[PDB]
Amino acid sequence: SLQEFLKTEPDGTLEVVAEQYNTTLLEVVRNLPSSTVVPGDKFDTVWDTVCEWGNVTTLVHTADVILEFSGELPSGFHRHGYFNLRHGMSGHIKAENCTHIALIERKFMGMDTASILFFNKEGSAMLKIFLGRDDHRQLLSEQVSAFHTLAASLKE
Amino acid sequence: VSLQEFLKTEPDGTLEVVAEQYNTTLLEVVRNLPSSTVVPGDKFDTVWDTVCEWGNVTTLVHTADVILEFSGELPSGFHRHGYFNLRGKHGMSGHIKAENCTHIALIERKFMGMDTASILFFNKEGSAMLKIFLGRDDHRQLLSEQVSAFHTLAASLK
């Protein structure tokens, strides 16, 4: 049982858990009891709040490349059917295809991780944002409180 | 009108749209562009290490949902554990499955009225795994040194 297995707190990529159960990441990130999932709307709310935090890691994963961009989230701007970004990272995102957004915080063998997932209609992540960490090793406490404030605010 | 004849007329638009229009792959469209250079995946290292020395460029990943680009010097990388691993540079790092790269193309064309030069890394299905575009200017123009090294790379490749 998916939901039952998730309550186990298993370490490892949520993608594999999705593969095993032969389902979508969104589905997995739906059986995690503490995950905060909201609909495509809020994209700006989420992506405007995050631009406020400090440096974060944006991640794009394809069958051939895994690219990470460490830094401040760039401000948005909708037009021509795209969300267009304004330092190092830029580009355009098909906000319109984002059906769900999940804020998930969990452990990796005891080590906290926190991320924002933007899902499309197929239940796959089109983009992921991970909270940055301090030189020490832990997630930036200021960001983590901001993350929980947003998750609370979204359910509010 | 044939793809090769269509290209040459210097079409207005993305090469990806020409591909679907002609029911073919991005690779076949670039193969038919005037003056393009296409070489086997064997050239990945020569290409990557050469561009690592050019200064700022724009690296782009295109997906069905996002087009993300990173401007900055291309990070150096090393083959290990079946991936080409980037040596974190500025905000950009990660991994490229260079083993899946079967073709590399250097092309030049006008797009939206401006000259463009890019390097395309293709997987076997003929679509682009990654793209790198020559850097611009404070004036919205290609860097001359990059254009000539690009040409130099293109000449030695083919």
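Quick notes on the rules
Residues numbered from 1 in each chain as written, not as in the entry; some residues may be left out. Chains lettered and ligands numbered in written order. Heavy atoms only, no water. Residues with missing side-chain atoms left out of burial classes, pairs and counts. Pairing = 2+ DSSP bridges. Helix = DSSP H or I, 4+ residues; strand = E, 2+ residues; numbered from the N terminus. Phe/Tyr/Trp six-rings, centres within 6.5 Å; stacked < 30°, edge-to-face > 60°. Buried < 20%, exposed > 50% of the residue type's maximum accessible area, 1.4 Å probe, protein only. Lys NZ or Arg CZ within 6 Å of the ring centre and 35° of its normal. Contact = heavy atoms within 4.5 Å. 1 Å grid on protein atoms, 1.4 Å probe; cavity = no way out; pocket = protein on both sides within 12 Å on 5 of 7 lines; lining within 4 Å. Points joined across faces, edges and corners; volume = space filled by probe spheres on them. Axes fitted to C-alpha atoms, helices over the stretch in contact; angles between N-to-C directions. Salt bridge = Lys/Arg side-chain N within 4 Å of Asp/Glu carboxyl O. Core = buried A, V, L, I, M, F, W, Y, C linked by side-chain atoms within 4.5 Å. Buried area = accessible area lost by both parts, 1.4 Å probe. Polar contact = N/O pair within 3.5 Å; in protein donor to acceptor, adjacent residues only side chain to side chain.

Per the PDB record, this model was obtained through X-ray crystallography at a reported resolution of 2.050 Å.

What is the right way to look at the pairing of strand 3 (residues 65–72) of chain A in this model?
Every other side chain in a regular strand lies on the same face of the sheet, so the side chains alternate between the two faces. Note: strand 2 (residues 55–61) of chain A against strand 3 of chain A, seven bridges, orientation antiparallel. In the sheet register, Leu59(A) faces strand 3 of chain A, and the bridge partner there is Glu68(A). Connecting strand 2 of chain A to the antiparallel partner strand 3 of chain A that follows it, the hairpin turn spans three residues. Where strand 3 of chain A and strand 6 (residues 92–96) of chain B come together, five bridges link them in antiparallel fashion. Paired with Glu68(A) across the strands is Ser93(B), a residue of strand 6 of chain B.

Looking at this model, I keep getting lost on the packing of aromatic side chains. Mind explaining?
Remark: the centre distance and the inter-plane angle together describe each pair of aromatic rings, the angle taken between the planes. Counting across every chain of the model gives 14 aromatic pairs over all chains. Seen from their ring centres, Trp47(A) and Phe118(A) are 5.8 Å apart, and the 50° between their planes marks the pair as tilted. Pair check on accessibility: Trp47(A) and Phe118(A) agree, each one buried. Clustering of aromatic rings is evident, with ring pairs tying together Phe43(A), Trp47(A), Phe83(A) and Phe118(A). Between the NZ or CZ atom of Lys97(B) and the centre of the ring of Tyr83(B), over which it lies, the distance is 4.7 Å.

Looking at this model, I keep getting lost on the side chain of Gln143(A). Mind explaining?
Along the polypeptide, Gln143(A) turns up in helix 5 (residues 141–155). Here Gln143(A) is in contact with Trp53(A), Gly54(A), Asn55(A), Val56(A), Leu131(A) and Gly132(A), once residues within four sequence places are set aside.

Whenever I open this one, the layout of surface pockets confuses me. Can you help?
A probe as big as a water molecule, rolled over the atoms, marks out the empty space that is left. Residues and elements named next belong to chain A. Counted as a void, the second largest pocket has a volume near 1,100 Å³. Taken together, 43 residues make up the lining of the second largest pocket; nearest its centre are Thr 13, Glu 15, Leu 59, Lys 128 and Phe 130. Looking at the lining of the second largest pocket element by element, the count peaks at six residues for strand 9 (residues 125–131).

Looking at this model, I keep getting lost on the sheet that holds strand 1 (residues 36–39) of chain A. Mind explaining?
Sheets are built from strands paired through backbone hydrogen bonds, the pairs being either parallel or antiparallel. Strand order in the open sheet formed by nine strands is 1(A)-7(A)-8(A)-9(A)-2(A)-3(A)-6(B)-5(B)-4(B), and the pairing between neighbours is antiparallel. With one partner strand each, in any of the chains shown, strand 1 of chain A together with strand 4 (77–80) of chain B form the two edges of the open sheet. Taken pair by pair, the neighbouring strands of this sheet meet at an average axis angle of 20°, ignoring direction. Where strand 2 of chain A lies against strand 9 of chain A, four bridges are found, and the strand directions are antiparallel.

In this structure, what is going on with the pattern of salt bridges? I would like to understand it.
Proximity of charged atoms lets side chains of opposite charge pair with each other. All names here are of chain B. Counted according to the given criterion, the structure contains seven salt bridges over all chains. Among the ionic pairs, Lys 131 bridges to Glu 16, the shortest N-O distance being 2.5 Å. Taken together, the positions of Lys 131 in strand 9 (residues 128–134) and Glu 16 in helix 2 (residues 15–21) put the pair 115 residues apart, joining distant regions of the chain. On the basis of relative accessibility, which here comes to 11%, the residue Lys 131 falls in the buried class.

Mind showing me how you'd approach the nonpolar core here?
Considering soluble globular proteins, one finds that nonpolar side chains tend to be buried as a cluster. Judged by nonpolar contacts, the single largest core of 67 residues is most densely connected at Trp47(A), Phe118(A) and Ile119(B). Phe118(A) has contacts with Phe43(A), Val46(A), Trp47(A), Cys98(A), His100(A), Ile101(A), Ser124(A), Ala125(A), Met126(A), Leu127(A) and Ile129(A), leaving out every residue within four places of it along the chain.

Where do I start with unusual backbone geometry in this structure?
Among all residues save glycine, negative phi is the norm, and among peptide bonds the norm is trans. Residue and element names in this part refer to chain A. The residue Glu 9 is not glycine, and still its phi comes out positive at about 90°. Of note, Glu 9 is situated in the loop between helix 1 (2–6) and helix 2 (14–20). Phi angles above zero are rare outside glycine, and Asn 22 is one such case at about 50°. Positionally, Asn 22 belongs in the loop between helix 2 and helix 3 (25–31). For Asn 22, a relative accessible area of 68% puts it in the exposed group.

How should I be thinking about the interface of chain A and chain B in this particular structure?
One widely used convention gives an interface's size as the accessible area the parts lose upon coming together. In this complex, chain A contributes 23 residues to the contact, which on the side of chain B involves 22 residues. Between chain A and chain B, a total of about 2,000 Å² is buried, with carbon and sulfur atoms accounting for 59% of that surface. Between the two partners, chain A and chain B, sit zero salt bridges. Counting across the chain A and chain B interface gives eleven residue pairs in polar contact. Every element with two or more residues in the side of chain A that touches chain B is listed here: strand 2, strand 3, strand 6 (89–93) and strand 9 of chain A. The greatest single-element share of the side of chain A that touches chain B, amounting to six residues, is contributed by strand 3 of chain A.

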